[PDB]
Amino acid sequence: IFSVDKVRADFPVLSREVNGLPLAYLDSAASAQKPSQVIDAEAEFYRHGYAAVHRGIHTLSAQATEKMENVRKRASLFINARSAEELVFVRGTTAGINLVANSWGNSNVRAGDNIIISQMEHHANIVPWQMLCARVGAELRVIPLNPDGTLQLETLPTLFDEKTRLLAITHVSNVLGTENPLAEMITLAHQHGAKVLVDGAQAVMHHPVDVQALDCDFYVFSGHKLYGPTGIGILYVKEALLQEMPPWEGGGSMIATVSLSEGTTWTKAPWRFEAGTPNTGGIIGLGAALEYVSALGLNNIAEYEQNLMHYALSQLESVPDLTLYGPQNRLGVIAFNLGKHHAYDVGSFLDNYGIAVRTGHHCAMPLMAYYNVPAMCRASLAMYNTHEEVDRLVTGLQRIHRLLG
């Protein structure tokens, strides 16, 4: 069983005061706080083992290269990929999607084809496909939403045909907390020869993820939302697909050969897609974050988080004129608006109480437009958040409603 008090003791930021009051950090969906196990692992690498990593001859460089490839292996086991060589180190989810859209997209999506996304996607899983479709002369199709924040699955027969090359779909909405039925949608996409990219940036911290079970063709997520450092993410690609993908960004570490007269050759994938000096510090930190999460146990995390979410939704019933967006079974995040008050004002009062929520469009303007609002508030309920923090949120919304009503 899970002990939130023991977990919280690992996170030094949670002792912080904001506005003279104890911090209630309810914005882990934008970025997660990091335990000292992760902070110190990166710091210790810099203090005692630092070097460049291009299988350099000398000992520090050789050992740093081994550490980095060990993290790649650890990450592949974390998502149950079949091979470590199916994972690419990327700057984050946004860059991973741009990499797929350029390298794979440019050579596999042609004039008259279509790509399917959903109306709940983060901008990072929309704009690369808009740009690709424009470059290539293809059509971007959109799975629409139901009022409860789930996809209108009944529209899939109208969107999938023999010209559908790709479904790009979020695992878990960063706004609504909706978990989409990936395994079944992937089966349908594969019946038409379409590949599937899964945006897993809001999934990998909430429960186990198994890309062989899912059978997805691409899977992306960001380290900094997985209690890890900034500047590092993971792109999983099926080996058979990845080994055919052409280069993207160019230079050292990714070339095999450079000639001014004979041109340039490229090295094998996954390294083909990691140009320049990698973010070795962030990779060390990410490995430590995976070890930390695996030690707690993702099923223990999920159980505690589901209990906290059930408690929050129960308690929020006592807030007058509160509008919630999304399904009853949401993961991770609660999107809401208070009466007719603008989200910006609600979040400002909450911050004044020491409570950190996010306001605005959450990088999902088409989702805001579907609900006919310009913005929402969003509270994340992560594994280090508590019932008492939920009580502070509920009381704060009650006070705000009484003060501004």
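Position 1 is the first residue in the sequence shown; the rest follow in order.
K.L.:
If you take the mean CA temperature factor per stretch, which one wins between 68 to 76 and 102 to 110?
P.N.:
Higher of the two, by average CA B-factor, is 102 to 110.
K.L.:
Of the two stretches 26 to 34 and 49 to 57, which shows the higher Cα B-factor on average in the entry?
P.N.:
Result: 49 to 57.
K.L.:
Based on the PDB record, which member of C133, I234, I284, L226 exhibits the highest Cα temperature factor?
P.N.:
Checking the PDB record, the top C-alpha B-factor among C133, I234, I284, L226 is at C133.
K.L.:
Sorting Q202, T280, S118, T267 by Cα temperature factor from the record, which one lands on top?
P.N.:
Highest C-alpha B-factor among the listed options: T267.
K.L.:
With respect to C-alpha B-factor, does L324 fall in the lowest, middle or highest third of the chain as deposited?
P.N.:
As the PDB entry reports it, the C-alpha B-factor of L324 lands in the highest third of its chain.
K.L.:
Taking the entry's C-alpha B-factors for this chain, is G360 in the lowest, middle or highest third?
P.N.:
Answer is lowest: the recorded C-alpha B-factor places it there.
K.L.:
Should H171 be placed in the lowest, middle or highest third of its chain by the C-alpha B factor in the entry?
P.N.:
As the PDB entry reports it, the C-alpha B-factor of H171 lands in the lowest third of its chain.
K.L.:
Lowest, middle or highest third: where is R330 by C-alpha B factor in its chain?
P.N.:
For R330, whose C-alpha B-factor we compare with every modelled residue in the chain, the answer is the highest third.
K.L.:
Taking the values exactly as deposited, rank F218 by C-alpha B-factor within its chain and report the matching third: lowest, middle or highest.
P.N.:
For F218, whose C-alpha B-factor we compare with every modelled residue in the chain, the answer is the lowest third.
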